[PDB]
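Student: Okay, so here is query.cif, and as you'll see once you scroll down, it has mmCIF, C-alpha atoms.
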```
data_start
#
loop_
_atom_site.label_atom_id
_atom_site.label_comp_id
_atom_site.auth_asym_id
_atom_site.auth_seq_id
_atom_site.Cartn_x
_atom_site.Cartn_y
_atom_site.Cartn_z
CA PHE B 1 140.66 109.56 151.03
CA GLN B 2 139.67 108.17 147.63
CA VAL B 3 137.51 109.51 144.81
CA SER B 4 134.19 107.66 144.65
CA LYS B 5 132.50 105.88 141.75
CA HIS B 6 129.04 107.40 142.22
CA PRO B 7 128.87 111.04 141.04
CA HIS B 8 127.93 112.66 144.34
CA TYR B 9 129.02 116.11 143.14
CA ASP B 10 127.15 115.80 139.83
CA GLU B 11 123.89 114.95 141.59
CA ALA B 12 124.44 117.83 144.02
CA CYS B 13 124.91 120.19 141.06
CA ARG B 14 121.75 119.12 139.22
CA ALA B 15 119.79 119.38 142.47
CA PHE B 16 121.20 122.85 143.18
CA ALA B 17 119.90 124.11 139.83
CA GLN B 18 116.49 122.62 140.69
CA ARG B 19 115.91 124.60 143.88
CA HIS B 20 117.16 128.08 142.97
CA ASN B 21 116.32 130.56 140.22
CA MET B 22 119.44 130.56 138.06
CA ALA B 23 118.75 134.01 136.62
CA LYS B 24 118.41 135.70 140.02
CA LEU B 25 121.20 133.76 141.73
CA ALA B 26 123.69 134.45 138.93
CA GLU B 27 122.98 138.18 139.14
CA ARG B 28 123.50 138.38 142.91
CA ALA B 29 126.74 136.39 142.60
CA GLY B 30 127.87 138.52 139.65
CA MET B 31 127.97 135.61 137.20
CA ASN B 32 126.98 135.17 133.58
CA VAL B 33 123.83 133.07 133.90
CA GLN B 34 124.96 130.64 131.19
CA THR B 35 128.31 130.10 132.92
CA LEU B 36 126.49 129.29 136.17
CA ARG B 37 124.41 126.65 134.37
CA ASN B 38 127.54 125.16 132.80
CA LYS B 39 129.39 124.92 136.11
CA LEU B 40 126.28 123.18 137.46
CA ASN B 41 126.00 120.98 134.35
CA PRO B 42 128.13 117.81 134.68
CA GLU B 43 127.78 117.53 130.88
CA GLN B 44 129.87 120.72 130.49
CA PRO B 45 133.57 121.11 131.39
CA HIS B 46 133.03 124.36 133.32
CA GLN B 47 133.74 123.90 137.03
CA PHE B 48 133.32 126.06 140.11
CA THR B 49 136.24 127.63 141.91
CA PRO B 50 136.55 127.54 145.73
CA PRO B 51 135.62 131.25 146.02
CA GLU B 52 132.61 130.61 143.78
CA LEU B 53 131.48 127.66 145.92
CA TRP B 54 131.66 129.71 149.12
CA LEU B 55 129.84 132.67 147.57
CA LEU B 56 126.93 130.61 146.23
CA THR B 57 126.72 128.76 149.55
CA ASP B 58 126.75 132.09 151.41
CA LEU B 59 124.05 133.79 149.32
CA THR B 60 121.70 130.78 149.33
CA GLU B 61 122.49 129.39 152.81
CA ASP B 62 122.24 125.97 151.14
CA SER B 63 125.03 123.41 151.59
CA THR B 64 124.09 121.22 148.61
CA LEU B 65 127.21 122.13 146.61
CA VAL B 66 129.59 121.74 149.56
CA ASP B 67 128.01 118.53 150.88
CA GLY B 68 128.20 116.95 147.44
CA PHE B 69 131.80 118.14 147.24
CA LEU B 70 132.59 116.30 150.48
CA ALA B 71 130.78 113.04 149.64
CA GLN B 72 132.88 112.63 146.49
CA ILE B 73 135.92 112.24 148.79
CA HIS B 74 134.04 110.39 151.55
CA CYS B 75 133.80 113.35 153.94
CA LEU B 76 130.72 113.91 156.07
CA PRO B 77 128.78 117.15 155.42
CA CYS B 78 129.71 120.57 156.77
CA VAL B 79 129.19 120.82 160.52
CA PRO B 80 129.28 124.59 161.22
CA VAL B 81 130.57 126.26 164.37
CA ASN B 82 129.95 129.84 165.52
CA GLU B 83 131.30 132.00 168.40
CA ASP I 1 124.79 130.13 158.19
CA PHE I 2 127.65 128.99 155.91
CA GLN I 3 129.08 132.52 155.96
CA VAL I 4 132.46 133.32 154.43
CA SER I 5 135.26 133.96 156.92
CA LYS I 6 137.53 136.97 156.46
CA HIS I 7 140.60 134.95 157.49
CA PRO I 8 142.58 133.22 154.70
CA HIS I 9 141.93 129.65 155.82
CA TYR I 10 142.04 128.11 152.34
CA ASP I 11 144.96 130.36 151.38
CA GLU I 12 147.10 129.33 154.36
CA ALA I 13 146.26 125.68 153.69
CA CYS I 14 147.42 126.11 150.09
CA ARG I 15 150.77 127.48 151.28
CA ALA I 16 151.20 124.69 153.83
CA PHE I 17 150.21 122.09 151.23
CA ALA I 18 152.68 123.57 148.73
CA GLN I 19 155.55 123.48 151.23
CA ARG I 20 154.83 119.94 152.45
CA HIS I 21 154.82 118.20 149.06
CA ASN I 22 157.16 118.26 146.09
CA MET I 23 155.30 120.07 143.32
CA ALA I 24 157.14 118.37 140.44
CA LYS I 25 156.42 114.84 141.70
CA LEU I 26 152.77 115.66 142.37
CA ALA I 27 152.37 117.17 138.89
CA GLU I 28 153.49 113.99 137.11
CA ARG I 29 151.21 111.90 139.34
CA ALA I 30 148.24 114.27 138.95
CA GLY I 31 148.84 114.83 135.23
CA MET I 32 149.01 118.61 135.68
CA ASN I 33 151.49 121.25 134.59
CA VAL I 34 153.79 121.99 137.52
CA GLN I 35 153.59 125.76 136.95
CA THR I 36 149.79 125.73 136.83
CA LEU I 37 149.84 123.57 139.97
CA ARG I 38 151.89 126.12 141.91
CA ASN I 39 149.60 128.93 140.71
CA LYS I 40 146.59 127.21 142.28
CA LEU I 41 148.41 126.98 145.63
CA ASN I 42 149.81 130.53 145.43
CA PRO I 43 147.24 132.88 147.05
CA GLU I 44 148.82 135.87 145.28
CA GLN I 45 147.80 134.29 141.93
CA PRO I 46 144.14 134.07 140.85
CA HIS I 47 144.36 130.46 139.62
CA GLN I 48 142.04 128.14 141.56
CA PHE I 49 141.51 124.40 141.76
CA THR I 50 138.46 122.73 140.29
CA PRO I 51 136.51 120.25 142.45
CA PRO I 52 137.93 117.25 140.53
CA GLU I 53 141.44 118.68 140.95
CA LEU I 54 141.02 118.91 144.73
CA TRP I 55 139.75 115.33 145.02
CA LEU I 56 142.66 114.01 142.94
CA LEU I 57 145.38 115.76 144.95
CA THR I 58 143.72 114.74 148.22
CA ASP I 59 143.66 111.19 146.84
CA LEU I 60 147.28 111.06 145.67
CA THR I 61 148.75 112.68 148.79
CA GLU I 62 146.27 111.39 151.41
CA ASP I 63 146.59 114.90 152.86
CA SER I 64 143.43 116.74 153.90
CA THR I 65 145.09 120.16 154.25
CA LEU I 66 143.29 121.63 151.24
CA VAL I 67 139.89 120.10 152.05
CA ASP I 68 140.02 121.23 155.68
CA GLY I 69 140.98 124.75 154.63
CA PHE I 70 138.14 124.66 152.11
CA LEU I 71 135.77 123.79 154.95
CA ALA I 72 137.28 126.40 157.30
CA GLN I 73 136.76 129.33 154.91
CA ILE I 74 133.01 128.98 155.57
CA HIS I 75 133.14 127.88 159.21
CA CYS I 76 133.03 124.08 158.82
CA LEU I 77 134.90 121.61 161.00
CA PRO I 78 137.63 119.50 159.37
CA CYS I 79 136.71 116.48 157.28
CA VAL I 80 135.42 113.38 159.08
CA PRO I 81 135.73 110.30 156.82
CA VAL I 82 132.78 107.99 156.22
CA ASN I 83 134.90 104.80 156.55
CA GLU I 84 132.25 102.39 155.16
#
```
What's the structure tokens form of this structure?

Tutor:
Amino acid sequence: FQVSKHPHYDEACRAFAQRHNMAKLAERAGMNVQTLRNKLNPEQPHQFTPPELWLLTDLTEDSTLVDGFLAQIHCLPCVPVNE
Amino acid sequence: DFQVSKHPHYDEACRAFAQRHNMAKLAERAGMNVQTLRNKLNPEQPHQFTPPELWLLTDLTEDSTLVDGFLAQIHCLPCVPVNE
């Protein structure tokens, strides 16, 4: 695995802020709304933690953050499995 | 979908990753403090890796233990490379 040139995670972060209401999502996740914007802003040094990435993915049922996380290291998107 | 699992998948991967690799040698390659680097892999400590930190360590070690545990904590199969 090698880190890519194209910012796949940065484009996944900007797109995640596009779809969801940041005020409502930050409240449900118990996050300061400005800190959530910063961790989604590739212009700011704030970054998500693994527990934060799972929580936001769980509440929204959207894999944008995780899929962009995987493409940066050339992994295909999450393929879930149940049972 | 994408629900959080109650098993410590990412935690157990952090322990296995920490045991497999020398922490001092990885810290000087990754440009991190060796004590901070252990804290991220110690589940009993609240320190966590940032997304750039996980890509770098996966790059330097060519070991997908942390990424696969990251995927397993929310019910994703292990990483399948793109391979150009």

Student: Starting from the shown file, work through the PyMOL selection byres ((chain I) within 10 of (chain B)) and note down what comes out as a PyMOL selection string.

Tutor: chain I and resi 1-5+10+47-52+54-64+67+70-84

Student: Taking (124.3, 123.3, 141.6) as a centre in this file's frame and 12 Å as the limit, can you find every polymer residue with an atom that close, using all atoms listed in the file, and give them as a JSON list (two decimals) with C-alpha atoms, keeping the file's coordinate frame?

Tutor:
```
[["chain", "number", "residue", "atom", "x", "y", "z"],
["B", 8, "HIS", "CA", 127.93, 112.66, 144.34],
["B", 9, "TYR", "CA", 129.02, 116.11, 143.14],
["B", 10, "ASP", "CA", 127.15, 115.80, 139.83],
["B", 11, "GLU", "CA", 123.89, 114.95, 141.59],
["B", 12, "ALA", "CA", 124.44, 117.83, 144.02],
["B", 13, "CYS", "CA", 124.91, 120.19, 141.06],
["B", 14, "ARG", "CA", 121.75, 119.12, 139.22],
["B", 15, "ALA", "CA", 119.79, 119.38, 142.47],
["B", 16, "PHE", "CA", 121.20, 122.85, 143.18],
["B", 17, "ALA", "CA", 119.90, 124.11, 139.83],
["B", 18, "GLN", "CA", 116.49, 122.62, 140.69],
["B", 19, "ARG", "CA", 115.91, 124.60, 143.88],
["B", 20, "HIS", "CA", 117.16, 128.08, 142.97],
["B", 21, "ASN", "CA", 116.32, 130.56, 140.22],
["B", 22, "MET", "CA", 119.44, 130.56, 138.06],
["B", 25, "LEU", "CA", 121.20, 133.76, 141.73],
["B", 26, "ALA", "CA", 123.69, 134.45, 138.93],
["B", 35, "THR", "CA", 128.31, 130.10, 132.92],
["B", 36, "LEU", "CA", 126.49, 129.29, 136.17],
["B", 37, "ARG", "CA", 124.41, 126.65, 134.37],
["B", 38, "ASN", "CA", 127.54, 125.16, 132.80],
["B", 39, "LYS", "CA", 129.39, 124.92, 136.11],
["B", 40, "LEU", "CA", 126.28, 123.18, 137.46],
["B", 41, "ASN", "CA", 126.00, 120.98, 134.35],
["B", 42, "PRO", "CA", 128.13, 117.81, 134.68],
["B", 47, "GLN", "CA", 133.74, 123.90, 137.03],
["B", 48, "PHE", "CA", 133.32, 126.06, 140.11],
["B", 52, "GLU", "CA", 132.61, 130.61, 143.78],
["B", 53, "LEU", "CA", 131.48, 127.66, 145.92],
["B", 56, "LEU", "CA", 126.93, 130.61, 146.23],
["B", 57, "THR", "CA", 126.72, 128.76, 149.55],
["B", 60, "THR", "CA", 121.70, 130.78, 149.33],
["B", 62, "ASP", "CA", 122.24, 125.97, 151.14],
["B", 63, "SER", "CA", 125.03, 123.41, 151.59],
["B", 64, "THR", "CA", 124.09, 121.22, 148.61],
["B", 65, "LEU", "CA", 127.21, 122.13, 146.61],
["B", 66, "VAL", "CA", 129.59, 121.74, 149.56],
["B", 67, "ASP", "CA", 128.01, 118.53, 150.88],
["B", 68, "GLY", "CA", 128.20, 116.95, 147.44],
["B", 69, "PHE", "CA", 131.80, 118.14, 147.24]]
```

Student: Between CA of residue 28 (chain I) and CA of residue 66 (chain I), what is the distance in Å, rounded to a tenth?

Tutor: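 Separation of CA of residue 28 (chain I) and CA of residue 66 (chain I): 19.0 Å.
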
Student: Closest to residue 22 (chain I) among I:37, I:53, I:43, I:9, using all atoms listed in the file?

Tutor: I:37

Student: Starting from the displayed file, determine the output of the PyMOL selection byres ((chain I and resi 38) around 12) and express the residue list as a CSV table (one decimal) with C-alpha atoms, keeping the file's coordinate frame.

Tutor:
```
chain,number,residue,atom,x,y,z
I,14,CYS,CA,147.4,126.1,150.1
I,15,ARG,CA,150.8,127.5,151.3
I,17,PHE,CA,150.2,122.1,151.2
I,18,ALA,CA,152.7,123.6,148.7
I,19,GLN,CA,155.6,123.5,151.2
I,21,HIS,CA,154.8,118.2,149.1
I,22,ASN,CA,157.2,118.3,146.1
I,23,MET,CA,155.3,120.1,143.3
I,24,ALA,CA,157.1,118.4,140.4
I,26,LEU,CA,152.8,115.7,142.4
I,27,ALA,CA,152.4,117.2,138.9
I,32,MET,CA,149.0,118.6,135.7
I,33,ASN,CA,151.5,121.2,134.6
I,34,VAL,CA,153.8,122.0,137.5
I,35,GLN,CA,153.6,125.8,137.0
I,36,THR,CA,149.8,125.7,136.8
I,37,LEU,CA,149.8,123.6,140.0
I,39,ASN,CA,149.6,128.9,140.7
I,40,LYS,CA,146.6,127.2,142.3
I,41,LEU,CA,148.4,127.0,145.6
I,42,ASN,CA,149.8,130.5,145.4
I,43,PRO,CA,147.2,132.9,147.0
I,44,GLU,CA,148.8,135.9,145.3
I,45,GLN,CA,147.8,134.3,141.9
I,46,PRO,CA,144.1,134.1,140.8
I,47,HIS,CA,144.4,130.5,139.6
I,48,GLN,CA,142.0,128.1,141.6
I,49,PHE,CA,141.5,124.4,141.8
```

Student: Please indicate the distance in Å from CA of residue 6 (chain B) to CA of residue 30 (chain I), rounded to one decimal place.

Tutor: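 Going from CA of residue 6 (chain B) over to CA of residue 30 (chain I) covers 20.7 Å.
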
Student: Just how far from CA of residue 6 (chain I) is CA of residue 29 (chain B), in Å to one decimal?

Tutor: 17.6 Å

Student: Once you add 8 Å to each side, what are the centre and edge lengths of the axis-aligned box holding all listed atoms of region 62-81 of chain I? One decimal in Å, as lines of an AutoDock Vina configuration file, if you can.

Tutor:
```
center_x = 139.8
center_y = 119.8
center_z = 156.1
size_x = 29.6
size_y = 35.0
size_z = 25.8
```
